[PDB]
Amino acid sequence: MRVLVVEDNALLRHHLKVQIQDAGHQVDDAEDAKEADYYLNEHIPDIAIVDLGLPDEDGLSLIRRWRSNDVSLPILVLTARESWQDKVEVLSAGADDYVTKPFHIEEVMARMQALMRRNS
């Protein structure tokens, strides 16, 4: 499967990509929202991991905009924000799931896997 990772922190972004690659997937890694639009349009990914703290455009704005254009793939959010209202808001904007920071990387892998399993 093809995974799009959108993550502003270079080190995290690279870690994500190599772990997901090592599990047998192809990964596009974008560092901001507009770059995310770049990968989205070039190859439709099967799944996207989106950090909300993008320097470009907030991740919620990004999810909203994709959904409102009938982009329907599963999206797993990475987020600093962790109140229960934040989580309702994120889900309500079109995300399928979220992981709160700080996180272990095996937690994102496990969430991504569960969406992949459902999706396919």
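Start at 1 and count along the sequence shown; that's the residue number.
Quick check on the deposited entry: does the C-alpha B-factor of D32 sit in the lowest, middle or highest third of its chain?
Lowest third.
Taking the entry's C-alpha B-factors for this chain, is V71 in the lowest, middle or highest third?
Highest third - that is where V71 ends up once the chain's C-alpha B-factors are sorted.
Looking at the temperature factor on the CA atom of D86, which third of the chain's modelled residues does it land in?
It falls in the middle third of the chain.
Using the B-factors in the PDB entry, rank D51's C-alpha atom against the chain and give the third, lowest, middle or highest.
Ranked within chain, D51 CA B lands in the lowest tercile.
Could you place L78 in the lowest, middle or highest third of its chain by Cα temperature factor, using the values in the record?
Answer is lowest: the recorded C-alpha B-factor places it there.
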